[PDB]
Amino acid sequence: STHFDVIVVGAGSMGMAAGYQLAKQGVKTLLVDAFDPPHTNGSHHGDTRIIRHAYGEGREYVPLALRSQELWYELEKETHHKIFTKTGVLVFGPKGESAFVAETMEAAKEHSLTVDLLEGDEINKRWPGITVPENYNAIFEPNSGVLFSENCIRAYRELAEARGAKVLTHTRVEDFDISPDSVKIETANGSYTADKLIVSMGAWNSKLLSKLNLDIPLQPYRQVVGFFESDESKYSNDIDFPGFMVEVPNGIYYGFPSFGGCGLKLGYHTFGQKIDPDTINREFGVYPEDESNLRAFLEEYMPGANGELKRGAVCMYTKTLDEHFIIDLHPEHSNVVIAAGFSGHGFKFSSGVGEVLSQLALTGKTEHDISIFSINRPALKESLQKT
Ligand SMILES: *Cc1cc2c(cc1C)nc1c(=O)[nH]c(=O)nc-1n2C[C@H](O)[C@H](O)[C@H](O)COP(=O)(O)OP(=O)(O)OC[C@H]1O[C@@H](n2cnc3c(N)ncnc32)[C@H](O)[C@@H]1O
Ligand SMILES: [Cl-]
């Protein structure tokens, strides 16, 4: 007998932030998750996430990144959980041969972001532990950094629940019944109704959006990260070793300084195994590339951070064809909001996206510019199943 104002399906990075934003405004909200967030079956574990501001992916991203940053600072003040550490983020690559580095520099210039430009040995000198060729250049953002992602979700959940949000765990939503004036979800633990629906199922959006009559190319990828024993005198956050995202000949890599001796963390961004979220092997090391692609980068660029493997994690990216997000109202139902395809780089924006989702669910519009995330854009190749 319990109707809600808004139901959020998938209470992870995006959904839990949305739940917090809704609860904060006195909106009767129900968040439903297949597990118990934060957990290790989706896209938010592995402890840390990079937040950068000079987003060359598209100008719309910078404002969202800056708003999210302010929102993370707000979250830091509201909870006892640690949210953000300002490690700074270093971006480097071969001079004149990296679109990623080039776009980053252009984005910083275009938005007047504070950054340091350096190249060659200046990089190796500023950060002992980094060894790049002399023909490499870099752009460093001193004011961006690292978010403790599980902590963020945990905090948003505690804050949302304190304000009345209900969270139904270990409950997989299996189907949807949408009406012009109400929404309804079906689960093994029962059916629930509300005036509005927010769908943010992460990797599972690739399998369940069809239940909403949507056909959108979304490919989940198995993405691992490893924590390695390192020279703490060089790679510790305490000696200001930065978070980083860089481009080398074989692709893009991202990493984090050692925090409290946990070891430098590294991930290979441009490669991953195509998988299904319900059959993915979540054990690190089952594929030789898991560990070898990481050490190949470390032995060449951060040689003192190539020690014993201390820990591994397996997580997922869900990509759209253009690698831009999907944040929009369902094309046939204005009372349904979709958040999907974050393509491996959405966590830093989750605070801002929660705000956008809240606005879309409550008003059908948002003050943020989200045109590049339109569910109707051509590059997405979106279509309805029944037309
Ligand atoms: C995996 C990964 C991602 C990543 C990264 C490193 C790795 C290894 N590094 C990042 C970084 O440095 N900076 C950044 O900005 N992003 C980075 N990412 C990407 C980011 O983690 C992802 O884009 C983000 O986490 C996506 O969030 P979203 O909310 O989409 O996904 P989720 O957190 O997995 O939450 C989805 C939830 O929905 C639930 N679920 C699924 N199906 C159902 C059904 N049927 N019913 C109910 N609930 C459902 C899940 O259980 C999950 O909690
Ligand atoms: Cl993702």
# chains A, B, ... in the order shown; residues from 1 in each chain; ligands from 1
>>> residues_near_ligand(ligand="ligand 1", cutoff="6 Å", atoms="only C-alpha atoms and all ligand atoms", output="number ranges by chain")
A: 9-15, 32-35, 37, 42-44, 49-51, 171-174, 200-202, 204, 223-225, 315-317, 340, 342-348
>>> write_last_selection(atoms="N, CA and C atoms", output="compact mmCIF listing (two decimals), in the first residue's frame")
# COMPACT_ATOMS: atom_id res chain seq x y z
N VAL A 9 15.67 3.29 -9.60
CA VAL A 9 16.07 1.89 -9.80
C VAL A 9 17.57 1.86 -10.08
N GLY A 10 18.31 1.27 -9.15
CA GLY A 10 19.76 1.21 -9.27
C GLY A 10 20.26 2.34 -8.39
N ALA A 11 20.61 2.01 -7.15
CA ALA A 11 21.07 3.00 -6.18
C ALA A 11 22.59 3.05 -6.04
N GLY A 12 23.26 3.23 -7.17
CA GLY A 12 24.71 3.29 -7.16
C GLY A 12 25.21 4.72 -7.21
N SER A 13 26.28 4.93 -7.95
CA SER A 13 26.89 6.26 -8.06
C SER A 13 25.86 7.35 -8.40
N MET A 14 25.13 7.14 -9.49
CA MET A 14 24.15 8.13 -9.91
C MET A 14 22.86 8.09 -9.12
N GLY A 15 22.33 6.90 -8.91
CA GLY A 15 21.06 6.79 -8.21
C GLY A 15 21.07 7.23 -6.77
N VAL A 32 15.78 1.37 -5.08
CA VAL A 32 15.85 -0.08 -5.13
C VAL A 32 17.15 -0.55 -5.77
N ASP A 33 17.85 -1.46 -5.10
CA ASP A 33 19.10 -1.98 -5.64
C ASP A 33 19.18 -3.48 -5.57
N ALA A 34 19.79 -4.06 -6.60
CA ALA A 34 19.99 -5.51 -6.72
C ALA A 34 20.93 -6.05 -5.61
N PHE A 35 21.75 -5.16 -5.06
CA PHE A 35 22.67 -5.53 -3.98
C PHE A 35 22.51 -4.55 -2.80
N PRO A 37 24.42 -1.21 -1.79
CA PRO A 37 25.41 -0.16 -2.04
C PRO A 37 25.98 0.54 -0.82
N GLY A 42 29.16 -3.67 -9.10
CA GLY A 42 28.87 -2.69 -10.12
C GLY A 42 30.09 -1.96 -10.64
N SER A 43 29.94 -0.65 -10.78
CA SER A 43 31.00 0.20 -11.32
C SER A 43 31.62 1.20 -10.32
N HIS A 44 31.33 1.07 -9.03
CA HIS A 44 31.85 2.06 -8.08
C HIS A 44 32.86 1.65 -7.02
N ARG A 49 38.50 7.18 -7.19
CA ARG A 49 38.15 7.69 -8.52
C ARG A 49 38.78 9.07 -8.75
N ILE A 50 39.25 9.30 -9.97
CA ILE A 50 39.83 10.59 -10.31
C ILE A 50 38.73 11.61 -10.65
N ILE A 51 38.87 12.85 -10.17
CA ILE A 51 37.98 13.90 -10.64
C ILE A 51 38.97 14.92 -11.25
N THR A 171 17.33 -6.51 -4.13
CA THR A 171 16.10 -6.62 -4.88
C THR A 171 16.30 -6.18 -6.31
N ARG A 172 16.27 -7.15 -7.21
CA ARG A 172 16.46 -6.89 -8.62
C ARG A 172 15.14 -6.50 -9.29
N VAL A 173 15.13 -5.36 -9.96
CA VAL A 173 13.92 -4.94 -10.66
C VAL A 173 13.94 -5.72 -11.97
N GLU A 174 12.84 -6.41 -12.25
CA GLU A 174 12.76 -7.25 -13.44
C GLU A 174 11.93 -6.67 -14.59
N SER A 200 18.83 4.05 -13.27
CA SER A 200 20.27 4.22 -13.25
C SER A 200 20.89 2.89 -12.85
N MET A 201 20.77 1.90 -13.74
CA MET A 201 21.23 0.55 -13.45
C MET A 201 22.64 0.22 -13.87
N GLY A 202 23.45 1.23 -14.19
CA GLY A 202 24.84 0.96 -14.57
C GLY A 202 24.98 -0.05 -15.71
N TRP A 204 23.88 -2.87 -16.08
CA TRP A 204 22.66 -3.58 -16.41
C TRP A 204 21.70 -2.81 -17.31
N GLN A 223 36.97 -4.18 -16.67
CA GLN A 223 38.10 -3.29 -16.42
C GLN A 223 38.73 -3.54 -15.06
N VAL A 224 39.99 -3.95 -15.04
CA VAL A 224 40.64 -4.23 -13.77
C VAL A 224 41.58 -3.12 -13.34
N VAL A 225 41.90 -3.12 -12.05
CA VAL A 225 42.87 -2.20 -11.46
C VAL A 225 43.70 -3.01 -10.48
N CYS A 315 35.99 -4.34 -12.30
CA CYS A 315 34.83 -3.50 -12.32
C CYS A 315 34.38 -3.30 -13.76
N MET A 316 33.28 -2.59 -13.99
CA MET A 316 32.80 -2.45 -15.37
C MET A 316 32.56 -1.02 -15.90
N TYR A 317 32.81 -0.85 -17.20
CA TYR A 317 32.54 0.39 -17.93
C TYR A 317 31.35 -0.02 -18.82
N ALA A 340 22.45 6.59 -18.14
CA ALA A 340 23.14 5.40 -18.63
C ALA A 340 24.40 5.70 -19.43
N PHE A 342 27.81 5.73 -18.87
CA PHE A 342 28.83 6.65 -18.41
C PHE A 342 30.22 6.34 -18.93
N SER A 343 30.29 5.27 -19.73
CA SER A 343 31.49 4.92 -20.43
C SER A 343 32.82 5.00 -19.72
N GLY A 344 32.88 4.61 -18.46
CA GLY A 344 34.15 4.61 -17.76
C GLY A 344 34.64 5.93 -17.19
N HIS A 345 33.85 7.00 -17.27
CA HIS A 345 34.32 8.27 -16.72
C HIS A 345 33.22 9.11 -16.07
N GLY A 346 32.21 8.46 -15.50
CA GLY A 346 31.14 9.23 -14.90
C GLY A 346 31.20 9.47 -13.40
N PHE A 347 32.04 8.74 -12.66
CA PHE A 347 31.94 8.93 -11.22
C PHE A 347 32.17 10.33 -10.71
N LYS A 348 33.18 11.01 -11.26
CA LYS A 348 33.49 12.37 -10.81
C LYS A 348 32.28 13.30 -10.94
>>> select_by_dssp(residues="segment 71-153 of chain A", states="alpha helix (DSSP H)", output="JSON, numbers by chain")
{"A": [71, 72, 73, 74, 75, 76, 77, 78, 99, 100, 101, 102, 103, 104, 105, 106, 107, 108, 109, 110, 121, 122, 123, 124, 125, 126, 149, 150, 151, 152, 153]}
>>> write_last_selection(atoms="N, CA and C atoms", output="CSV table (one decimal), in the first residue's frame")
chain,number,residue,atom,x,y,z
A,71,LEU,N,30.0,20.3,-5.1
A,71,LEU,CA,29.1,19.3,-4.4
A,71,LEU,C,29.9,18.3,-3.5
A,72,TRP,N,31.0,17.9,-4.0
A,72,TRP,CA,31.8,17.0,-3.2
A,72,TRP,C,32.4,17.7,-2.0
A,73,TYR,N,32.8,18.9,-2.1
A,73,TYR,CA,33.2,19.7,-0.9
A,73,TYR,C,32.1,19.8,0.1
A,74,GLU,N,30.8,20.0,-0.5
A,74,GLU,CA,29.7,20.1,0.4
A,74,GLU,C,29.5,18.7,1.2
A,75,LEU,N,29.6,17.6,0.4
A,75,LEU,CA,29.4,16.3,1.0
A,75,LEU,C,30.5,16.1,2.1
A,76,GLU,N,31.7,16.5,1.9
A,76,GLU,CA,32.8,16.4,2.8
A,76,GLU,C,32.4,17.0,4.2
A,77,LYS,N,31.7,18.2,4.1
A,77,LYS,CA,31.3,18.9,5.3
A,77,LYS,C,30.1,18.3,6.1
A,78,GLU,N,29.3,17.5,5.3
A,78,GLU,CA,28.1,16.9,5.9
A,78,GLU,C,28.3,15.5,6.5
A,99,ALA,N,45.7,13.4,-28.6
A,99,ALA,CA,44.5,14.2,-28.7
A,99,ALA,C,44.0,14.5,-27.2
A,100,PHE,N,44.1,13.5,-26.4
A,100,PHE,CA,43.7,13.6,-25.0
A,100,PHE,C,44.5,14.8,-24.3
A,101,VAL,N,45.8,14.8,-24.4
A,101,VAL,CA,46.5,15.8,-23.8
A,101,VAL,C,46.2,17.2,-24.4
A,102,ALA,N,46.1,17.2,-25.8
A,102,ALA,CA,45.7,18.4,-26.5
A,102,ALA,C,44.4,19.0,-26.1
A,103,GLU,N,43.4,18.2,-26.0
A,103,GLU,CA,42.0,18.6,-25.6
A,103,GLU,C,42.0,19.1,-24.2
A,104,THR,N,42.8,18.5,-23.3
A,104,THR,CA,42.9,18.8,-21.9
A,104,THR,C,43.4,20.3,-21.8
A,105,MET,N,44.5,20.5,-22.5
A,105,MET,CA,45.1,21.9,-22.6
A,105,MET,C,44.2,22.9,-23.2
A,106,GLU,N,43.4,22.5,-24.2
A,106,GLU,CA,42.5,23.5,-24.8
A,106,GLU,C,41.3,23.8,-23.8
A,107,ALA,N,40.9,22.7,-23.2
A,107,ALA,CA,39.8,22.9,-22.2
A,107,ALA,C,40.2,23.8,-21.1
A,108,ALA,N,41.4,23.7,-20.6
A,108,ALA,CA,41.9,24.5,-19.5
A,108,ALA,C,42.0,26.0,-19.9
A,109,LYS,N,42.5,26.2,-21.1
A,109,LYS,CA,42.6,27.5,-21.6
A,109,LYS,C,41.2,28.1,-21.8
A,110,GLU,N,40.3,27.4,-22.5
A,110,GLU,CA,39.0,27.9,-22.7
A,110,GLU,C,38.2,28.2,-21.5
A,121,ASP,N,62.2,16.5,-19.0
A,121,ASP,CA,62.8,16.2,-17.7
A,121,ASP,C,62.1,17.0,-16.6
A,122,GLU,N,61.4,18.1,-16.9
A,122,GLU,CA,60.7,18.9,-15.8
A,122,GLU,C,59.7,18.0,-15.1
A,123,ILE,N,59.1,17.1,-15.9
A,123,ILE,CA,58.2,16.2,-15.3
A,123,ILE,C,58.9,15.3,-14.3
A,124,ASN,N,59.9,14.6,-14.8
A,124,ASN,CA,60.7,13.7,-14.0
A,124,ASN,C,61.3,14.4,-12.7
A,125,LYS,N,61.7,15.6,-12.9
A,125,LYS,CA,62.3,16.4,-11.8
A,125,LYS,C,61.2,16.8,-10.7
A,126,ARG,N,60.1,17.3,-11.2
A,126,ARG,CA,59.0,17.7,-10.3
A,126,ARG,C,58.5,16.5,-9.5
A,149,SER,N,35.1,6.9,-3.7
A,149,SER,CA,33.8,6.5,-4.2
A,149,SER,C,32.9,5.7,-3.4
A,150,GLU,N,33.4,4.6,-2.7
A,150,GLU,CA,32.5,3.9,-1.9
A,150,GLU,C,32.0,4.7,-0.7
A,151,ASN,N,32.9,5.6,-0.2
A,151,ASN,CA,32.5,6.5,0.9
A,151,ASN,C,31.5,7.5,0.5
A,152,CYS,N,31.6,8.0,-0.8
A,152,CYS,CA,30.6,8.9,-1.3
A,152,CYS,C,29.2,8.3,-1.4
A,153,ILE,N,29.1,7.1,-1.9
A,153,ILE,CA,27.8,6.4,-2.0
A,153,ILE,C,27.3,6.1,-0.6
>>> closest_residue(among="A:114, A:273, A:233, A:374", to="residue 287 of chain A", atoms="only C-alpha atoms")
A:273
>>> atom_distance(atom1="atom CA of residue 266 of chain A", atom2="atom CA of residue 327 of chain A")
28.7 Å
>>> decode(residues="segment 160-183 of chain A", atoms="C-alpha atoms", output="short mmCIF file (atom, residue, chain, number, x, y, z; two decimals), in the first residue's frame")
data_model
loop_
_atom_site.label_atom_id
_atom_site.label_comp_id
_atom_site.auth_asym_id
_atom_site.auth_seq_id
_atom_site.Cartn_x
_atom_site.Cartn_y
_atom_site.Cartn_z
CA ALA A 160 19.19 10.31 2.26
CA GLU A 161 17.88 7.68 4.69
CA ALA A 162 18.14 10.06 7.61
CA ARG A 163 15.79 12.31 5.63
CA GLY A 164 13.25 9.60 4.96
CA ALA A 165 14.46 7.89 1.80
CA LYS A 166 13.74 4.16 1.79
CA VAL A 167 16.31 1.79 0.37
CA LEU A 168 15.29 -1.70 -0.66
CA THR A 169 18.39 -3.86 -1.01
CA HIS A 170 19.08 -7.22 -2.67
CA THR A 171 16.10 -6.62 -4.88
CA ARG A 172 16.46 -6.89 -8.62
CA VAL A 173 13.92 -4.94 -10.66
CA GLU A 174 12.76 -7.25 -13.44
CA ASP A 175 10.21 -5.19 -15.35
CA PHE A 176 8.49 -1.83 -15.66
CA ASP A 177 4.91 -0.70 -16.26
CA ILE A 178 4.77 2.94 -17.37
CA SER A 179 1.54 4.97 -17.58
CA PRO A 180 1.05 8.57 -18.60
CA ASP A 181 0.48 9.44 -14.91
CA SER A 182 2.39 6.82 -12.91
CA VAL A 183 5.27 4.37 -12.99
#
